[PDB]
Chemist: 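Starting off with a structure, shown below.
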Amino acid sequence: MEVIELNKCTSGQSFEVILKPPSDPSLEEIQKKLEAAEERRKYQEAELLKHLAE
Amino acid sequence: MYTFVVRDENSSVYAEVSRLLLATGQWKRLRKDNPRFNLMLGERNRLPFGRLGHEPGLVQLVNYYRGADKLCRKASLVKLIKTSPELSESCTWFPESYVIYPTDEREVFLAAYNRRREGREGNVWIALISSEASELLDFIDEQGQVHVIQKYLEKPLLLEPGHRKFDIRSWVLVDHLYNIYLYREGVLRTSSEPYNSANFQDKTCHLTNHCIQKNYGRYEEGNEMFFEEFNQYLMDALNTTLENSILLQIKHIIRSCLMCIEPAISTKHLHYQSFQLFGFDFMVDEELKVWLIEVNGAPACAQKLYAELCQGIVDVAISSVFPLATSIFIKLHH
Amino acid sequence: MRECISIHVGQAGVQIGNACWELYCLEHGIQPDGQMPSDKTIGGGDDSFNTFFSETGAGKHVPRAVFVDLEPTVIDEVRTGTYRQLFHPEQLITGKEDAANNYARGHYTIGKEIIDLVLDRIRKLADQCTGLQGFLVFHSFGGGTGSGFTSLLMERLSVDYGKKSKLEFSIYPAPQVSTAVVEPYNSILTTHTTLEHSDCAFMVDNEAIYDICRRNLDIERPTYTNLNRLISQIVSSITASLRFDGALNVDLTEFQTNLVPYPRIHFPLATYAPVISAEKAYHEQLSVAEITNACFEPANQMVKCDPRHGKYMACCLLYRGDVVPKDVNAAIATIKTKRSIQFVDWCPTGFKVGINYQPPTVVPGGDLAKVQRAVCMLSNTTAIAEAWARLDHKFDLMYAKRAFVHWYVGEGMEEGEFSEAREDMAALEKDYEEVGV
Amino acid sequence: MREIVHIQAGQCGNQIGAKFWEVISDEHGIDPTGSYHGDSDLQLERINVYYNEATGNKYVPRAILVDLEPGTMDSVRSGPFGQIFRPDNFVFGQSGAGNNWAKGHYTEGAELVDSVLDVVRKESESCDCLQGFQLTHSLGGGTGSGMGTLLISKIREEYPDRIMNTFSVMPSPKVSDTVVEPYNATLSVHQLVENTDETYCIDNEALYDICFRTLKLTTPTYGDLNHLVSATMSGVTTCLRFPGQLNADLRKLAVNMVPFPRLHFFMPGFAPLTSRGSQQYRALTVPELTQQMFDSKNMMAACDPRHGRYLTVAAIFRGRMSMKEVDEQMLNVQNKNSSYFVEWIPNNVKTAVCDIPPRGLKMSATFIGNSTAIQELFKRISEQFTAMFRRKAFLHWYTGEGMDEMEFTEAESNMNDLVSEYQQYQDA
Ligand SMILES: Nc1nc2c(ncn2[C@@H]2O[C@H](COP(=O)(O)OP(=O)(O)OP(=O)(O)O)[C@@H](O)[C@H]2O)c(=O)[nH]1
Ligand SMILES: Nc1nc2c(ncn2[C@@H]2O[C@H](COP(=O)(O)OP(=O)(O)O)[C@@H](O)[C@H]2O)c(=O)[nH]1
Ligand SMILES: CN[C@H]1CCc2cc(OC)c(OC)c(OC)c2-c2ccc(OC)c(=O)cc21
Ligand SMILES: [Ca+2]
Ligand SMILES: [Mg+2]
Ligand SMILES: [Mg+2]
């Protein structure tokens, strides 16, 4: 009902129409969890090569 | 071969619907959590409407309308009638009702109560039935629930012989296309103990409920008067028919209520479709005026009428969407 | 003027990137070689388009885009395609072995070996920027690269560019469109890890786009090209305000302000009208009223859900073509009386309208017909949580039996991350329900 | 993620293996000499997956031919497409394995394994990006069974991150060479459970039954059985060999087909079933292919899918057809048989389409099923095993090679474990 903040130009126009009023981890912390996953992979591969050696 | 799932086994109506579908030999029942169904006979609470209509190669249908609880909860119904311009606000067929919260519109409830005090007349209300406001305004805090104070119908229609009170239950089916089908057979849930207006404290004559009063079976089987017998009574005792004096108002109330919520609940352009069976509860006064009391989302049918209604639900709500390899309903045209 | 960098991760992000940058070039009048004849300031400028394009001495207009995939074959089609000259070879980064539909493989295993290289090529574009405002990130929820590598990148971009805004264009998985079976897992894991790093995310359900292509474009089996050309139209509508003169959504910060009052609930629903087949012989051109009314039909949304059973927090209308404020306000007034539009008590019931007079540009020989007027509505409704509920249920079914989990654990990921991701999603679903009812 | 190294071990492995290279060389337009003579560019676009490009221009199969006996490989070399294979890739002993797993795995085969692995390394180094290995072999004999599994173990040591893929032919009393086949098979299954990502269970019983009941051949030879194997092998490798809608590799297949690491034994299927030489006149409609490929009569593993539940399903349609009709029919099978597909893996059936049809058919369908019904195959082998083992019968052939009774007990236990593991997901 109320048309506010009307702004016009050559390209177009913009406005607001109101009907009713109202009633991060560190660089080291990232590299730590990535290397913790790399070591878990390396342990699983070591357990595999141990099994294959047996 | 169409497929269905059952997710409410406490449902008397849809237990009969399920077995009727299986007996055709063209429907197969799946386990609760199987997503690959055509039809869902769903649960009463927390129904997962967000999971429907996302199975490719399956037309999916549910026996509940999402948002229909807004008509089916006592607190919600009052808010709907008061706010919606279709029904607002001095509604001729709905008793004066006020939403009451325990720790709200109870400051404006007292203003109309004082009009009933200054103008010396009847001032009886229902919640259990109260005599005065302050005597049961702490009763909502006693139970700790959000309940409605509604105007009590002091002068109701009385059946003879017996001097009795009654409510009418009508069963209404809204299909996927939003056709409003009223089932031709209704039931009068009758009181057996004669109505007393001098003191309102006894349970038998005042409360109209089937489960509470179980006097029982004196005038008819299980306090249940059917439509042919009640029409016959009106012809003899009042020189009028059921369709003229009562049923036209019933048809008006049903259609007015469901046309109001149509934009909010309709599944016309949706990826899944809905039907629903409703239970409309009516009250008739001395001047033959029909009043709405309650709308039921999950209604239970009368014992005599199960076979016919459940076949009717299969006929026009299920078989219309999923066709197989006179009508018992009155279509309410809008 | 403030520049914007677009990041395209995995197959979905790359091919959608192709579709968008093709469309931008047609819109701004930039040729396949990168020449823009309408541009008069040779080799530089601070115009509205310069937000997305930079300039070289030879008058070449190059996208502020980085393409990243863990496998060569898709970006190799960008390297040899019709827009090969448009991009710098350093902008197009490819690995050797893909993430095999595995989040953990994309995030942890192959993620680690490429993350530092990608951030260097991002820094090389950021050093060309006089005033960086942030990033527009394109990916799938479903793929291993799209889920895994994106969430790692989004973590690192928060570290290196803390003052900068990050927007997502995310492809939500659909069984209809070539879906891997473990895609619910990948979707949940990437949503959890990205949720605090993303300012505003636009979800695009492949199911919705597939059906719009069937229903409105008359294509019986839509290909990726069919889907992406439609997606790029929606993306173009959303980004137009950054690329053109205007006063609504002029920077990435304004997307947060106008659309996201609650930081976690940062998934606006997009609805687009009209989608008209180019093969359609006789078409009655639709009015302002008709296209705005079509913004409230579920069949037009980017995600299939029911806004009537939910609450709005914000609503933007973005028009392209022959549209004037008078017609918009008349349309809104008619729609408000007939449709179920409920806002939250702590928000004004209202619409922020932006009009661009240039009608939407369609790719020559495409599937979309030329229209006189078009609209994209962006509304932050709680109804979109339906998509989370659908996805969480699928996650729950598989995880209860620990199905496929071993593939993730075998890449170094602990099992506890699955349940940590699911708890966050259970919290997110509860946030939506608090606001919504 | 392009190159696959192919290995064929023993009599059965080399006979089915030669037929595989015969069929896919015809599909890729490569003559018996090695030169390309086709009409489409689609035949050459992903030819590097199975072939090495030698300057000529000629195409040499990335295939290694292994046996402890020189017999079969001389028949392969003098066979139809025999002169296409790199002569250095022919690695053979002289003594044979005498249908003895122990000879293949521990004694005779151990002597020859290193020479094979040198040829494998020579092929692996030429690969721009090696995705994995595929083995063709029987489980019933000595070389393919014993040495084949020894090879798998040693390849996994040198290439622990690569995908191991097998086409493993299962023994049957119906098509039986020796009584010791259940011993050799049980020992081999133990190894396959541990050391492979994907195993195509090709039951000889099922191949016989198809040849007898459906193909109407009174006395089928191994050649009739091998026609069905190569046609299935062509079908399962279609997405690796041709450019299509999807970038498809062996790892992505493994991730999506195998929900639990041990349960990676697949039922292969083919539609329509054809006898060799006999021309297919009537074209099948899309509903007919879909009905036939899911039919138990078309399965290459003699298990009834109705006795189990499908964990995952892969389907490959070949030929010029409506992809909408394919999508509709595939959804129709699932929605009308939904109990037979596990509800706890959503959308577990995936479908691909390739435009190029196989030789002599206008449209075909290849089925890959990870069903819990495969336990029937393993139970059968276990029953035959226990019948002999309870009396320690024929065991001296193995104990004479160094083996102890304990290793037989351990193999019996591991296979009975796999059976009960399949049963775990058939009910719950
Ligand atoms: N709309 C659209 N969706 C796509 C496109 N490509 C893939 N998808 C979807 O994205 C999901 C798979 O993710 P991809 O992006 O293919 O995987 P990826 O990011 O390359 O990761 P990898 O697993 O390493 O291949 C599926 O749900 C597909 O339907 C595309 O071009 N357009
Ligand atoms: N399908 C098929 N099975 C075979 C073939 N040759 C042998 N077999 C089966 O393989 C088993 C014997 O293995 P074989 O490969 O001859 O022994 P190896 O040479 O020591 O590996 C028996 O179970 C036979 O039924 C063949 O050409 N095709
Ligand atoms: C559409 N996504 C595919 C990727 C993996 C895949 C590879 C493949 O070639 C080796 C193949 O043909 C045998 C496939 O089957 C069509 C798949 C495929 C595999 C199975 C699926 O599990 C049900 C899946 O989710 C994804 C696909
Ligand atoms: Ca300029
Ligand atoms: Mg990829
Ligand atoms: Mg032999």
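Any value given below was found using the heavy atoms of this structure, including those in side chains, with hydrogens, waters and symmetry copies removed. Counting convention: from 1, in listed order, for ligands and their atoms alike. Throughout, a chain's letter reflects where its sequence line sits, starting with A, and its residues are numbered from 1.
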Chemist: Need the ligand 1 atom indices (1-based, order shown) with element for anything under 4.0 Å from a heavy-atom of C/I231.
Modeler: 1 (N)
Chemist: For C/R79 and C/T94, which I'm curious about, is there any donor-acceptor pair between the side chains at under 3.5 Å?
Modeler: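 Their side chains do contain a donor-acceptor pair, which is all the 3.5 Å distance test asks for.
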Chemist: Using a heavy-atom cut-off of under 4.0 Å, does the side chain or the backbone of C/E71 touch ligand 1, or both, or neither?
Modeler: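 Near ligand 1, C/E71 shows nothing, with every heavy atom at 4.0 Å or more.
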Chemist: Would you kindly specify which portion of C/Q15 sits under 4.0 Å from ligand 1, judged on non-hydrogen atoms: side chain, backbone, both or neither?
Modeler: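 For C/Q15, only side-chain atoms sit under 4.0 Å from ligand 1.
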Chemist: May I ask you to check whether C/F87 and C/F67 place their ring centers less than 6.0 Å from one another?
Modeler: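 C/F87 vs C/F67: aromatic centres under 6.0 Å.
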Chemist: Step by step, would you call D/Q329 with D/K324 a side chain to side chain contact (heavy atoms under 4.5 Å, CB included)?
Modeler: CA-CA 9 Å; D/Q329 287 307 306; D/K324 194 210 169 171; over 6 Å; no
Chemist: What about C/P173: any of its N or O atoms under 3.5 Å from an N or O on ligand 1?
Modeler: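 No, no N or O pair falls under 3.5 Å.
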Chemist: Distance under 6.0 Å and angle within 45° of the ring axis: does C/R402 meet both against C/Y399?
Modeler: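 Judged by the rule (NZ or CZ under 6.0 Å from the ring centre, within 45° of its axis), C/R402 counts as positioned above C/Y399.
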Chemist: Tell me which protein heavy atom sits closest to atom 15 (O) of ligand 3, plus the residue, atom name and distance to 0.1 Å.
Modeler: D/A314 CB, 3.4 Å
Chemist: How far is atom 32 (N) of ligand 1 from the closest protein heavy atom, and which atom is that?
Modeler: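 Checking every protein heavy atom, the shortest distance to atom 32 (N) of ligand 1 gives C/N228 OD1, 2.7 Å.
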Chemist: Please compare D/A248, D/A352, D/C354, C/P175 and report which has the shortest non-hydrogen distance to atom 8 (C) of ligand 3.
Modeler: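 Of the listed residues, D/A248 has the closest heavy atom.
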Chemist: Is ligand 1 under 4.0 Å from a heavy atom in the side chain of D/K252, in the backbone, in both, or in neither?
Modeler: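 It is the side chain that gets close, since no backbone atom is under 4.0 Å.
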Chemist: Find all atoms of ligand 3 within a distance of less than 4.0 Å from any non-hydrogen atom belonging to D/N348, and give their numbers and elements.
Modeler: 23 (C)
Chemist: Starting from atom 20 (O) of ligand 1, what is the nearest protein heavy atom, named by residue and atom, and what distance separates them?
Modeler: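 The closest one turns out to be C/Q11 N, 3.0 Å.
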Chemist: Nearest protein heavy-atom contact for atom 2 (N) of ligand 3: which residue, which atom, what distance?
Modeler: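 Checked against all protein heavy atoms, atom 2 (N) of ligand 3 sits closest to D/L246 CD1, 4.2 Å.
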Chemist: Before giving the answer on ring pair (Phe, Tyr, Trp, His ring centres under 6.0 Å), spell out for C/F404 and C/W407 the whole-Å C-alpha distance, their side-chain angles and the decisive distance to 0.1 Å.
Modeler: CA-CA 6 Å; C/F404 305 95; C/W407 289 113; 8.5 Å; no
Chemist: What part of D/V313, side chain, backbone, both or neither, has a heavy atom within less than 4.0 angstrom of ligand 3?
Modeler: backbone
Chemist: Could you tell me which atoms of ligand 1, counted from 1 in the order shown, lie closer than 4.0 angstrom to a heavy atom of C/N101?
Modeler: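 Selected atoms, number and element: 23 (O).
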Chemist: With the side chain counted from C-beta on, respond yes when C/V181 and D/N347 share a heavy-atom pair under 4.5 Å apart, and no when they do not.
Modeler: no
Chemist: Are any of the N/O atoms in C/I171 less than 3.5 Å from those in ligand 1?
Modeler: no
Chemist: Got an N/O contact under 3.5 Å between C/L227 and ligand 1?
Modeler: no
Chemist: Would you mind listing which atoms of ligand 1 come within a distance below 4.0 Å of any non-hydrogen atom of C/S178?
Modeler: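 Near C/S178, meaning under 4.0 Å from one of its heavy atoms, ligand 1 has 26 (C), 28 (C), 29 (O).
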Chemist: Could you tell me which atoms of ligand 1, counted from 1 in the order shown, lie closer than 4.0 angstrom to a heavy atom of C/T179?
Modeler: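 Checking each atom against C/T179, I get 27 (O).
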Chemist: Give the contacting part of D/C239 toward ligand 3: side chain, backbone, both or neither, where contact means a heavy-atom distance below 4.0 Å.
Modeler: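 The answer is the side chain of D/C239.
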Chemist: Report yes if C/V177 has an N/O atom closer than 3.5 Å to an N/O atom of ligand 1; otherwise report no.
Modeler: yes
Chemist: What protein heavy atom sits nearest atom 9 (C) of ligand 1, and how far away is it?
Modeler: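 Atom 9 (C) of ligand 1 sits closest to the protein heavy atom C/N206 ND2, 3.8 Å.
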Chemist: Residue-level breakdown please: for C/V9 versus ligand 1, do any non-hydrogen atoms fall below 4.0 Å on the side chain, on the backbone, on both, or on neither?
Modeler: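 For C/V9, no heavy atom sits under 4.0 Å from ligand 1.
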Chemist: Ignoring angles and geometry beyond distance, decide whether C/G146 reaches within less than 3.5 Å of ligand 1 through its nitrogen or oxygen atoms.
Modeler: yes
Chemist: Could a heavy atom of C/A180 be found less than 4.0 Å from some atom of ligand 3?
Modeler: yes
Chemist: Quiz question for you: does at least one protein heavy atom lie closer than 4.0 Å to atom 18 (C) of ligand 3?
Modeler: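 Given the 4.0 Å limit, the answer for atom 18 (C) of ligand 3 is no, no protein heavy atom qualifies.
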